[PDB]
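Trainee: Can you read through this structure? Questions will come right after.
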Amino acid sequence: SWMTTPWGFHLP
Amino acid sequence: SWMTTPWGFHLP
Amino acid sequence: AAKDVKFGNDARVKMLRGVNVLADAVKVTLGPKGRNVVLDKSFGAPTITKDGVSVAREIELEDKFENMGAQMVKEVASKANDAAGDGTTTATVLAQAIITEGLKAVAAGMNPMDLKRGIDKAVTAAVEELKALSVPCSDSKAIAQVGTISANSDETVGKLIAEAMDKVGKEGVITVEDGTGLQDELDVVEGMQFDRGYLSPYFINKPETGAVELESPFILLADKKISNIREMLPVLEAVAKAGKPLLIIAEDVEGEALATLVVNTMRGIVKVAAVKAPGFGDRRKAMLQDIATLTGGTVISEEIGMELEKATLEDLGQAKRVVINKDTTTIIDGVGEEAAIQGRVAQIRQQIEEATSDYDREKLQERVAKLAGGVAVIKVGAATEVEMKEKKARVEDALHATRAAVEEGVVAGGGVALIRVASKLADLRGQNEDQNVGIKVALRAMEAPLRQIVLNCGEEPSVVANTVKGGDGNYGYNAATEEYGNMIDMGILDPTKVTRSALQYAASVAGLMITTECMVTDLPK
Amino acid sequence: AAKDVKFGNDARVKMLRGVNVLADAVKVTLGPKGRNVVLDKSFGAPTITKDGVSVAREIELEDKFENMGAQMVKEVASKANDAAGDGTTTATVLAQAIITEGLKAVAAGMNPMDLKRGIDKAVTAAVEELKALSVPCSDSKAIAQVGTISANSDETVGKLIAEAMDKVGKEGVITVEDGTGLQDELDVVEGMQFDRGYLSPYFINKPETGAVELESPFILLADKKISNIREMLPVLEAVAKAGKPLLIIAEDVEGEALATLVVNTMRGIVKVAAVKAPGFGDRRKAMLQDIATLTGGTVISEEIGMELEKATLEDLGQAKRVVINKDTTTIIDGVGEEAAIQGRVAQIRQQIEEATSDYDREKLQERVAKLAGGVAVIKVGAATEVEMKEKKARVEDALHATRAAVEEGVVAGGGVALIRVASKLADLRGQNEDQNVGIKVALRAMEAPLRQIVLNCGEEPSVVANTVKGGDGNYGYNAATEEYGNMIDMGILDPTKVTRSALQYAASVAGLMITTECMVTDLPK
Amino acid sequence: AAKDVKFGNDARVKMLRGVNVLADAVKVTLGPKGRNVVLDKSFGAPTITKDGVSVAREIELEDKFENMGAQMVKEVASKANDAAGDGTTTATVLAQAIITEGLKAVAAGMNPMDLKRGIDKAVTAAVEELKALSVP
Amino acid sequence: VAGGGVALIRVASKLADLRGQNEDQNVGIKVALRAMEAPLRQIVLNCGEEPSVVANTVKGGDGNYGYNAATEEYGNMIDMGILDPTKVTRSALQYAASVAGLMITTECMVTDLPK
C-alpha cells in the first residue's frame, strides 16, 4: 500500500 | 483490509 | 500439534545438557579477564563482545528439551538482571553449579524434595550471613568511591553521582542526559517516576538501552480502560499534525488498542508509547490527578463524561522528556505550573494532617515525596561524540552501582564474600541425610564464581580457592594484577544486593529444575 | 532460529581456516609483481583485477564459522582502508601472520591474555620506533616527489599537488575535478568540508568511487531531528519540479525518513542525499549557521517555528557541487554572498577576541579556518575521455598519498621500514614467558609483507629477507627491477601513517581472535 | 608384505594416542591408593591386580602405529624394571608426561633436536642434584 | 631419598635457574622440570585429593616434607618411613628421558598393512 502523489512520490 | 485515513493512519 | 513427552532421567539429562551449553557459552566472560564471544549477525562482520547478557540472548538450541533447559536458566538470569542491574553471569554460574550437583545427587537416588529443602535452608542462612557481612555505604565519601570504582576509576563520575544524591537525597530520582559543552552540569527539574512498564517491547526506540525515550512529548491521561482505537483516533491526528510524541497513561490498554499503536509506531507515523496507570483503587485516581497537576494537563475521566474521542491538545499536558524503562517510567521537567504543584503538595500534606491510619499517612507521604522531590538531571560533558557516549554509559553504570550500594551496602568482590559466607556455614544441618547433601551442594556451589574468575585469568582455580579460604576477612585474589590482598583496600567491591539476588534466583531455578519430573514439548518435525 | 555453538579449539580451527582462505585470496596481489585474481560477475566476462580491496569484498564462504573468520579479518582491512587510504593488503598479510602464530602458540598451551599483552607491547614499541624512523615530508620538493611517485612517476601530477597545497595550505581542502581542455587548471572557490557520512550507502551514485556526488544541488538545513516524511514532502516536490539534487543537513534523520528518501532515489525521482549535522550542542547550531551563510540559505530551526513543511526553495541554499565520501562531505563553490561569509568570519574572530578558555579559542579558530580557507579545485587536463579518467584517478591517488605523507612523513617502502623496526626491538621482553612469546610472534610477523612481495616477484623470500636484514638504513630490495639499493633513492616510499595503521589494526584483530573462546552462529540448514 | 608409511604429525599423533592408552591403563595403580585393573584370561575368572608390570604386559592395541607407541614405552618400562627392580609405573608416568609435553612443543613448531638437548641437560642436572640429596 | 615423589619435586625446585643455548632448549628444560612432578600428582589423584593443592603445599615446604597418602596427612617423609632407593628414581628418570627423546625426534614410521 504505497500511496503515490500526482508528481510521482512513492509514499510508503 | 487496513483502512487508511487521509493523514496516514493504518487502521487495522 | 502432537507433543513429545519425556519422563524422569531422560528429561533431566536433556535439561542438564542445555544448561551446560548455555553456561559454557556465558561463563567465559566472567571477571576482568573474560574471554571474547563471537556472535553472528545477519550481515557484515560478526559482533565480538565480553558481555554475558548479549551472549545469553542469542543462545537457543535446536533440540527442544535442551532449549527448555537453556530458556529456564536464561529466565532467572534476566530476573537477576532486572532486580539489581548486574550479576547475570554470576547468577548463571551459580545456577549451573547448583543444577549440576543437584541433578547428580538426584541420579544417585536422593529425594528431590529434601534436596530442595536443604538448598533453600542453606541459601536462607547464606543471605543472613551476607547481610551480617555487609558494611554501610551511605557516607558521601563511600558514594564517591563506589562511583569511581564502577566507572573505571574516574573521579569525575563519582563526584557527579555524589553531588546528585546530596542534592536530591539518597532515594531521589536521578537521570543521566547528554550535555552541551565539555563541562558537566547537574540540576533539578519538576518531575517524578512511577513503577510501570511498557505494554509491549515494540515501542522501544533505544534497543541498546532497552527503553522508550520521548523528547518533549504530549501526555494523554485516561481514567478508563482504553480500547476501541476508533475513540483514540482524533487525539492521534491532533498529536501527529503537531509533530510530537505521545505518552499514554491509562488504566489498562486492552487488545486491538496496543496492537494498533504498535503498528502505527513501526510504520513511522506517531511516536506514541502507552503505559499502565500507576496504583489501584482510589489511589490510582489520586496519583493520576497528581501526574496531571505535575504535567499541567487534565485527567480525562469517563465517569464524569469527557468522552475520550472529544479530547483536544489542551487537555494533554506536556513534559521535557519521558523515559520508559523495563519497570519504571520517569517524567522529566513537566510543563505544569509551579503554583499548581505547590498547591497539590499542600493539599496532600493537609490530608496527612487528618490522616487516621498509618497506611494513609505512609501513602500520602509517598505522594508528597514524589511530587516535591523532583528529578536530578546529570549533563555529561566532553569534547566529541564518542566521549559523550562513553561518559554517559559510565555515568549510568556508576549510578546503578551506587544506587544498589546505598540500598544494601557493599561486600568484598571477586566472589570473596560468597566464599566467606560458605565458610561461616560449615556446621549447618538439615533433618535427614538428603537435606544435608543439599546444604553441602549449595555451600560447594557458592565457590563457583571465584573459581571461574581464576580460570578465566589462567591460574589454577583450586590453589587460589584454597589460598583465599585459608585467609580471613577481605583477603582475596585480584585477577587484574594477579596478586593477593585486601579486596576492599584495592577497590574490588560488590553491592550486597547484587550477590544476594544472584544467589536467590540461582537457588530458585535450581530447585525448580531439580523437582522437575516430566517435560512436554512439540514434535521435532 | 536455532544456533550452533562451538568452543575453544574447534572455533579457533574454523577461524584459522577462514582467515587462511581470505588471506590466500588477497595476498597474491601485493606489491608491483602482484598476480591476477579472476572474479565472477552475474553475466559477461569475469573481471580480472590486481586490487586487494576488490578481491576481499567478494570473499565469503559457505561454512558459517569460516565466514566469521573471513568477515572479522575483512573488517579491520576496511578499517585500515578508511584510516590512511592504502595498505589493506599489507594489513591483511600482517593480520594473517599474527593470527597464525598466535593460534599456534595458544594451541601449544600458552595463556591467550599474556600473548595479547605481549603483542600489544611489541606493537606499541614498534609504533614508537617507526615514528622515530620517519623523515619529514612537508617540503614542497618532497611534495612533488611524492606526487610523482604515487602517480607512476608523472611530473605533472606532482606539480599540480604541490601548487594546490601551496595555494590553500598543507591542511587545506583540495578536490579533483574533470577539466575542459587538455591544460590542467587549479583555482579556489568558497566552500568547505565537514566530517559527516551518508546515513545509508544507498545514495551512492559513484559505485567505483563509493561517494555521493551532486552537481549544482539545493541544500536543506534543519536544526531538528528530521522524521515524519509527510513534513518533508513539499520541499521534495519543489526540488523535483526544479530538476535539481538535494543535500539534507539535519540533526539526525530517523527511521522511515531515510528509508523513504532511499526508495525515492532508487526509483529515480529526486536525487536527495541526507547527512548528519556536524557538531553537537551549541556548536552544532553555530556551524549550521556557518554552513547557511556559506551557501546563502537559511537554517530551518523548529525552535523558533519555521515548520519544516512550510519551507520554500528560497530557504534552501545552493552550491556548485557536493561530494559525500565515507566520513566527510565537501561543499564546493556555494552560492553564498562573499559579503555574508566575510561578515561571518569577522564575527567569529571577534568571538575569538573575547574568548576566555583555550577550548573556545581553538573551536572558533577552527570555524574561522573552515570558513576563510576555501577548497582547491584541480581540473585535470587531457585530450580524450580515457586519458581524462586515468589522469583523474592518478591525481586523486597522488592527493591521498601526499596528504598522508604531509600528515606523518615517509619511510622506506617495500616492507623495509617494518623489518628495520623489528630488528631494533630484538631486546624487548615482557613479564613472563608467554608475553615474550607474543613479542616474538609480533616481531616475526612484522617481516611478512617483504616476504610476500618477494614471493610474488618469484625470488626466494628467506634469502632476500636475510639480505635486507643484513643491511642497514634504507637498504632494500626493488622487486620492479629485481635489485638491491637504497629504497629512498630509487623512489620506493611509503607514508608512515599507512604502515602504522596497518600494523595497529592487524594487532587489534589478532588480539581479538586470539582471546576468542566461543562462537555462536546460525544452523547450517 | 606391503608397508604403510606415515610422516611427521600423523605419526606423532598416532604415537601419542598409543602412549596415552598404555599410560592411562598403567598409572591408576601407582602409590598405596592404587586402583584395580581387571585383566581377562583365556578362561575362568579374570585376574584383578594392582601391579603395573602385569597390566603393561597385556596392553597392545589393534592400530599398528598406536601399538608402536605402546611397545616403545613398554620397552623402557621393562628396562627400568631390570635395572633397579622397582619403579616401572613411575618410569611410565614420567615418560608419558615428558612425551606429551614434548610432542605439544614440537607441534607448536620448535626444533625437536633442541628440545631433546634441553631435556637431556635437565635430566643430567637432576641426576647430579639427586645424588647430592641422597643420604647413606 | 624421600619417597612419594618428594625427592623429584625437590630436585626440580633446585633447578629453576637452569638454561640452555636458545629458546627451544629452555622450553625442553622446563618440560622436563614440569614432568618431574608427575608421580606425586598421580599418587595424590589416586588417593582422591586435589593434585594441584597438594603439589603446591609440598613445593612450599622444604627438606623431607611431603604428603602421606596412606594416612592422608603431611609430615617428614623420612620420619614416617616412606623411603625410596636413589637408584630406582634415577633409573626411572633416565629411561623415561631416553624414550621421550627418541619419540620426540621420530619423523617417519613404517608398519605392516592393516589387512
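Ordered as shown in the C-alpha cells, chains take letters A, B, and onward, while each chain numbers its residues from 1 and ligands are numbered from 1 in the order shown.
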Run DSSP on the backbone of this structure and report the residues of chain A it assigns to strand (DSSP E or B), as a PyMOL selection string.
Mentor: chain A and resi 3-4+10-11
Trainee: Compile the residues of chain C that lie within 10 Å of chain D, evaluated using only C-alpha atoms, and express the compilation as an mmCIF file with N, CA, C and O atoms, in the first residue's frame.
Mentor:
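File written: out28.cif
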data_model
loop_
_atom_site.group_PDB
_atom_site.id
_atom_site.type_symbol
_atom_site.label_atom_id
_atom_site.label_comp_id
_atom_site.auth_asym_id
_atom_site.auth_seq_id
_atom_site.Cartn_x
_atom_site.Cartn_y
_atom_site.Cartn_z
ATOM 1 N N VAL C 21 25.389 -26.221 27.961
ATOM 2 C CA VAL C 21 25.717 -25.465 26.755
ATOM 3 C C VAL C 21 25.605 -23.968 27.017
ATOM 4 O O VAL C 21 26.530 -23.195 26.730
ATOM 5 N N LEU C 22 24.476 -23.538 27.585
ATOM 6 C CA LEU C 22 24.282 -22.107 27.806
ATOM 7 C C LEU C 22 25.319 -21.544 28.770
ATOM 8 O O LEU C 22 25.902 -20.481 28.522
ATOM 9 N N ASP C 24 28.309 -22.730 29.544
ATOM 10 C CA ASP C 24 29.644 -22.720 28.968
ATOM 11 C C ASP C 24 29.800 -21.573 27.986
ATOM 12 O O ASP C 24 30.879 -20.980 27.882
ATOM 13 N N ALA C 25 28.737 -21.247 27.251
ATOM 14 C CA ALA C 25 28.800 -20.080 26.380
ATOM 15 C C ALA C 25 28.950 -18.795 27.184
ATOM 16 O O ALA C 25 29.696 -17.895 26.789
ATOM 17 N N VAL C 26 28.259 -18.694 28.314
ATOM 18 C CA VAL C 26 28.193 -17.422 29.030
ATOM 19 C C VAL C 26 29.399 -17.204 29.936
ATOM 20 O O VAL C 26 29.987 -16.121 29.940
ATOM 21 N N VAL C 28 32.495 -17.799 30.146
ATOM 22 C CA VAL C 28 33.839 -17.420 29.728
ATOM 23 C C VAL C 28 34.060 -15.920 29.775
ATOM 24 O O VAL C 28 35.195 -15.466 29.618
ATOM 25 N N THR C 29 33.005 -15.139 29.988
ATOM 26 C CA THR C 29 33.091 -13.689 30.024
ATOM 27 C C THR C 29 33.101 -13.133 31.440
ATOM 28 O O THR C 29 33.004 -11.917 31.616
ATOM 29 N N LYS C 33 39.174 -10.697 33.416
ATOM 30 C CA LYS C 33 39.923 -11.448 32.418
ATOM 31 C C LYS C 33 39.010 -12.254 31.505
ATOM 32 O O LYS C 33 39.419 -13.296 30.986
ATOM 33 N N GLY C 34 37.780 -11.794 31.303
ATOM 34 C CA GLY C 34 36.842 -12.540 30.496
ATOM 35 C C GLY C 34 37.284 -12.652 29.053
ATOM 36 O O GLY C 34 37.962 -11.787 28.503
ATOM 37 N N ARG C 35 36.886 -13.752 28.431
ATOM 38 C CA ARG C 35 37.216 -14.024 27.044
ATOM 39 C C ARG C 35 36.192 -13.367 26.130
ATOM 40 O O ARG C 35 35.193 -12.805 26.579
ATOM 41 N N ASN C 36 36.458 -13.440 24.832
ATOM 42 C CA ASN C 36 35.565 -12.873 23.837
ATOM 43 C C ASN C 36 34.663 -13.952 23.260
ATOM 44 O O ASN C 36 35.079 -15.098 23.082
ATOM 45 N N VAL C 37 33.421 -13.575 22.978
ATOM 46 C CA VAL C 37 32.453 -14.447 22.328
ATOM 47 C C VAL C 37 32.037 -13.789 21.024
ATOM 48 O O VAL C 37 31.683 -12.606 21.008
ATOM 49 N N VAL C 38 32.090 -14.547 19.936
ATOM 50 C CA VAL C 38 31.804 -14.033 18.603
ATOM 51 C C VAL C 38 30.374 -14.429 18.261
ATOM 52 O O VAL C 38 30.053 -15.614 18.144
ATOM 53 N N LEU C 39 29.510 -13.435 18.096
ATOM 54 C CA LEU C 39 28.122 -13.666 17.726
ATOM 55 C C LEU C 39 27.889 -13.250 16.284
ATOM 56 O O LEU C 39 28.274 -12.154 15.872
ATOM 57 N N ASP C 40 27.243 -14.123 15.522
ATOM 58 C CA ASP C 40 26.983 -13.885 14.111
ATOM 59 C C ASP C 40 25.757 -13.000 13.953
ATOM 60 O O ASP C 40 24.747 -13.203 14.634
ATOM 61 N N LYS C 41 25.846 -12.029 13.056
ATOM 62 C CA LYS C 41 24.702 -11.217 12.676
ATOM 63 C C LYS C 41 24.195 -11.637 11.302
ATOM 64 O O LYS C 41 24.782 -12.482 10.623
ATOM 65 N N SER C 42 23.079 -11.032 10.897
ATOM 66 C CA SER C 42 22.510 -11.349 9.593
ATOM 67 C C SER C 42 23.442 -10.942 8.461
ATOM 68 O O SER C 42 23.429 -11.562 7.393
ATOM 69 N N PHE C 43 24.261 -9.916 8.679
ATOM 70 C CA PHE C 43 25.139 -9.405 7.639
ATOM 71 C C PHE C 43 26.351 -8.745 8.276
ATOM 72 O O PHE C 43 26.358 -8.424 9.466
ATOM 73 N N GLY C 44 27.382 -8.550 7.464
ATOM 74 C CA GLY C 44 28.555 -7.843 7.920
ATOM 75 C C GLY C 44 29.394 -8.655 8.892
ATOM 76 O O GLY C 44 29.215 -9.859 9.081
ATOM 77 N N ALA C 45 30.331 -7.953 9.517
ATOM 78 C CA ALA C 45 31.233 -8.594 10.457
ATOM 79 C C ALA C 45 30.473 -9.031 11.705
ATOM 80 O O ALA C 45 29.591 -8.311 12.181
ATOM 81 N N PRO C 46 30.782 -10.203 12.251
ATOM 82 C CA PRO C 46 30.138 -10.621 13.497
ATOM 83 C C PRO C 46 30.562 -9.730 14.650
ATOM 84 O O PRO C 46 31.668 -9.187 14.664
ATOM 85 N N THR C 47 29.666 -9.576 15.618
ATOM 86 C CA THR C 47 29.981 -8.774 16.788
ATOM 87 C C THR C 47 30.779 -9.591 17.795
ATOM 88 O O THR C 47 30.478 -10.757 18.055
ATOM 89 N N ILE C 48 31.809 -8.970 18.359
ATOM 90 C CA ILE C 48 32.655 -9.588 19.371
ATOM 91 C C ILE C 48 32.391 -8.859 20.678
ATOM 92 O O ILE C 48 32.613 -7.648 20.780
ATOM 93 N N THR C 49 31.925 -9.593 21.684
ATOM 94 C CA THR C 49 31.503 -8.992 22.937
ATOM 95 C C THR C 49 32.027 -9.795 24.115
ATOM 96 O O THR C 49 32.291 -10.994 24.009
ATOM 97 N N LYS C 50 32.174 -9.108 25.247
ATOM 98 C CA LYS C 50 32.523 -9.727 26.517
ATOM 99 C C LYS C 50 31.408 -9.575 27.542
ATOM 100 O O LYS C 50 31.668 -9.615 28.747
ATOM 101 N N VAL C 55 25.493 -12.461 25.056
ATOM 102 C CA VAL C 55 25.697 -13.854 24.677
ATOM 103 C C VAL C 55 24.475 -14.686 25.029
ATOM 104 O O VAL C 55 24.016 -15.509 24.230
ATOM 105 N N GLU C 58 21.346 -14.600 22.576
ATOM 106 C CA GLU C 58 21.350 -15.317 21.306
ATOM 107 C C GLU C 58 21.256 -16.827 21.471
ATOM 108 O O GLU C 58 20.911 -17.524 20.513
ATOM 109 N N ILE C 59 21.551 -17.353 22.657
ATOM 110 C CA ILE C 59 21.669 -18.797 22.819
ATOM 111 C C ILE C 59 20.284 -19.427 22.849
ATOM 112 O O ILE C 59 19.465 -19.118 23.721
ATOM 113 N N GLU C 60 20.021 -20.316 21.894
ATOM 114 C CA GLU C 60 18.917 -21.261 21.989
ATOM 115 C C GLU C 60 19.130 -22.335 20.934
ATOM 116 O O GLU C 60 19.498 -22.033 19.797
ATOM 117 N N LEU C 61 18.918 -23.585 21.325
ATOM 118 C CA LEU C 61 19.404 -24.735 20.581
ATOM 119 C C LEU C 61 18.288 -25.403 19.788
ATOM 120 O O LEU C 61 17.103 -25.116 19.958
ATOM 121 N N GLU C 62 18.693 -26.320 18.908
ATOM 122 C CA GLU C 62 17.743 -26.995 18.032
ATOM 123 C C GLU C 62 16.959 -28.085 18.748
ATOM 124 O O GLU C 62 15.792 -28.317 18.415
ATOM 125 N N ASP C 63 17.562 -28.763 19.721
ATOM 126 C CA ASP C 63 16.840 -29.766 20.488
ATOM 127 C C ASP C 63 15.856 -29.072 21.415
ATOM 128 O O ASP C 63 16.218 -28.131 22.127
ATOM 129 N N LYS C 64 14.609 -29.536 21.402
ATOM 130 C CA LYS C 64 13.556 -28.824 22.116
ATOM 131 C C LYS C 64 13.758 -28.881 23.624
ATOM 132 O O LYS C 64 13.531 -27.887 24.319
ATOM 133 N N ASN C 67 16.654 -26.821 24.622
ATOM 134 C CA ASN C 67 16.160 -25.454 24.554
ATOM 135 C C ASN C 67 15.354 -25.099 25.794
ATOM 136 O O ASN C 67 15.454 -23.976 26.296
ATOM 137 N N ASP C 178 22.528 13.820 27.950
ATOM 138 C CA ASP C 178 23.605 14.360 27.136
ATOM 139 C C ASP C 178 23.781 15.846 27.414
ATOM 140 O O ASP C 178 22.807 16.595 27.516
ATOM 141 N N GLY C 179 25.034 16.272 27.536
ATOM 142 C CA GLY C 179 25.353 17.659 27.789
ATOM 143 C C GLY C 179 25.476 18.463 26.512
ATOM 144 O O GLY C 179 25.158 18.007 25.413
ATOM 145 N N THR C 180 25.948 19.696 26.674
ATOM 146 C CA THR C 180 26.191 20.601 25.561
ATOM 147 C C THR C 180 27.666 20.918 25.380
ATOM 148 O O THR C 180 28.206 20.755 24.282
ATOM 149 N N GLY C 181 28.339 21.368 26.439
ATOM 150 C CA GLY C 181 29.758 21.634 26.397
ATOM 151 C C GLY C 181 30.573 20.498 26.997
ATOM 152 O O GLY C 181 30.075 19.414 27.292
ATOM 153 N N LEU C 182 31.868 20.769 27.167
ATOM 154 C CA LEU C 182 32.743 19.782 27.786
ATOM 155 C C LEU C 182 32.585 19.745 29.299
ATOM 156 O O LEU C 182 33.082 18.813 29.938
ATOM 157 N N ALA C 240 -0.149 13.996 15.813
ATOM 158 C CA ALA C 240 0.702 13.815 14.644
ATOM 159 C C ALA C 240 0.813 15.097 13.833
ATOM 160 O O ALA C 240 1.894 15.428 13.331
ATOM 161 N N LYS C 241 -0.291 15.833 13.686
ATOM 162 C CA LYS C 241 -0.213 17.104 12.978
ATOM 163 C C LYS C 241 0.672 18.105 13.709
ATOM 164 O O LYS C 241 1.144 19.064 13.089
ATOM 165 N N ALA C 242 0.906 17.905 15.005
ATOM 166 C CA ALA C 242 1.797 18.760 15.775
ATOM 167 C C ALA C 242 3.236 18.262 15.793
ATOM 168 O O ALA C 242 4.112 18.972 16.301
ATOM 169 N N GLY C 243 3.503 17.074 15.255
ATOM 170 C CA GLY C 243 4.854 16.551 15.190
ATOM 171 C C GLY C 243 5.499 16.308 16.539
ATOM 172 O O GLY C 243 6.652 16.688 16.761
ATOM 173 N N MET C 266 5.655 1.430 14.380
ATOM 174 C CA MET C 266 6.597 0.801 13.456
ATOM 175 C C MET C 266 6.471 1.376 12.052
ATOM 176 O O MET C 266 7.475 1.514 11.344
ATOM 177 N N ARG C 267 5.253 1.710 11.623
ATOM 178 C CA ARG C 267 5.088 2.273 10.287
ATOM 179 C C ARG C 267 5.702 3.662 10.182
ATOM 180 O O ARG C 267 6.024 4.112 9.077
ATOM 181 N N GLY C 268 5.874 4.352 11.305
ATOM 182 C CA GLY C 268 6.581 5.617 11.297
ATOM 183 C C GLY C 268 5.784 6.787 11.834
ATOM 184 O O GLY C 268 6.327 7.635 12.546
ATOM 185 N N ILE C 269 4.495 6.850 11.501
ATOM 186 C CA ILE C 269 3.672 7.963 11.954
ATOM 187 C C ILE C 269 3.351 7.794 13.432
ATOM 188 O O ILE C 269 3.060 6.687 13.904
ATOM 189 N N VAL C 270 3.432 8.902 14.174
ATOM 190 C CA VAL C 270 3.154 8.961 15.607
ATOM 191 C C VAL C 270 4.175 8.146 16.392
ATOM 192 O O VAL C 270 4.497 7.007 16.040
ATOM 193 N N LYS C 271 4.686 8.726 17.475
ATOM 194 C CA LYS C 271 5.654 8.042 18.319
ATOM 195 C C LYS C 271 5.032 7.747 19.677
ATOM 196 O O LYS C 271 5.666 7.933 20.719
ATOM 197 N N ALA C 383 34.261 16.444 24.892
ATOM 198 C CA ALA C 383 34.574 17.181 23.673
ATOM 199 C C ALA C 383 33.800 16.638 22.477
ATOM 200 O O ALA C 383 33.091 17.383 21.790
ATOM 201 N N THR C 384 33.921 15.342 22.208
ATOM 202 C CA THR C 384 33.415 14.757 20.975
ATOM 203 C C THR C 384 32.250 13.812 21.256
ATOM 204 O O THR C 384 31.793 13.657 22.391
ATOM 205 N N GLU C 385 31.774 13.172 20.186
ATOM 206 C CA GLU C 385 30.607 12.300 20.281
ATOM 207 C C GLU C 385 30.936 10.998 20.999
ATOM 208 O O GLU C 385 30.166 10.535 21.849
ATOM 209 N N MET C 388 31.229 11.575 24.495
ATOM 210 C CA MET C 388 29.872 11.801 25.053
ATOM 211 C C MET C 388 29.230 10.446 25.376
ATOM 212 O O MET C 388 28.729 10.288 26.509
ATOM 213 N N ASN C 456 39.343 -18.053 34.138
ATOM 214 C CA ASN C 456 39.466 -17.092 33.049
ATOM 215 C C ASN C 456 40.789 -16.346 33.118
ATOM 216 O O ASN C 456 41.378 -16.033 32.079
ATOM 217 N N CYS C 457 41.265 -16.046 34.327
ATOM 218 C CA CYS C 457 42.561 -15.393 34.461
ATOM 219 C C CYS C 457 43.692 -16.284 33.970
ATOM 220 O O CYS C 457 44.696 -15.779 33.454
ATOM 221 N N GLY C 458 43.555 -17.597 34.116
ATOM 222 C CA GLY C 458 44.557 -18.542 33.667
ATOM 223 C C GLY C 458 45.259 -19.293 34.774
ATOM 224 O O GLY C 458 46.042 -20.203 34.477
ATOM 225 N N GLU C 459 45.012 -18.948 36.033
ATOM 226 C CA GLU C 459 45.652 -19.621 37.151
ATOM 227 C C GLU C 459 44.926 -20.924 37.476
ATOM 228 O O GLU C 459 43.955 -21.309 36.822
#
Trainee: If we count only C-alpha atoms, what is near range 144-152 of chain C at a cut-off of 8 Å, once residues fewer than 6 positions away on the same chain are taken out, given as a PyMOL selection string?
Mentor: chain C and resi 158-159+161-162+394-395+397-399+401-402+405+491-493
Trainee: Using only C-alpha atoms, which chain B residues lie at most 7 Å away from chain C, written as a list in words?
Mentor: residues 9, 10 and 12 of chain B
Trainee: Pull the alpha helix (DSSP H) assignments for chain F out of DSSP run on the backbone, and list those residues as number ranges by chain.
Mentor: F: 6-14, 23-35, 38-47, 51-60, 86-104
Trainee: For the contact check between chain D and chain F, emit one row per residue of chain D within 12 Å, containing the shortest atom pair and the distance in Å rounded to one decimal, counting only C-alpha atoms, chain then rising number order, as JSON lines.
Mentor:
{"residue": "D:108", "atom": "CA", "partner": "F:27", "partner_atom": "CA", "distance": 11.6}
{"residue": "D:433", "atom": "CA", "partner": "F:27", "partner_atom": "CA", "distance": 9.8}
{"residue": "D:434", "atom": "CA", "partner": "F:27", "partner_atom": "CA", "distance": 11.6}
{"residue": "D:436", "atom": "CA", "partner": "F:23", "partner_atom": "CA", "distance": 10.5}
{"residue": "D:437", "atom": "CA", "partner": "F:23", "partner_atom": "CA", "distance": 9.8}
{"residue": "D:440", "atom": "CA", "partner": "F:23", "partner_atom": "CA", "distance": 11.0}
Trainee: With N, CA and C atoms retained, could you export that selection as a CSV table (one decimal), in the first residue's frame?
Mentor:
chain,number,residue,atom,x,y,z
D,108,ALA,N,49.5,-24.6,21.6
D,108,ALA,CA,50.6,-25.1,22.4
D,108,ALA,C,50.4,-25.1,23.9
D,433,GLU,N,57.0,-15.8,30.3
D,433,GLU,CA,57.4,-16.5,29.1
D,433,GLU,C,56.4,-16.3,28.0
D,434,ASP,N,55.1,-16.3,28.3
D,434,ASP,CA,54.0,-16.1,27.3
D,434,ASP,C,54.1,-14.7,26.7
D,436,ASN,N,56.8,-12.9,26.4
D,436,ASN,CA,57.9,-12.9,25.4
D,436,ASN,C,57.6,-13.6,24.2
D,437,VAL,N,56.8,-14.7,24.3
D,437,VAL,CA,56.4,-15.5,23.1
D,437,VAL,C,55.6,-14.6,22.2
D,440,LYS,N,57.8,-12.0,20.4
D,440,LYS,CA,58.5,-12.7,19.3
D,440,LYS,C,57.6,-12.9,18.1
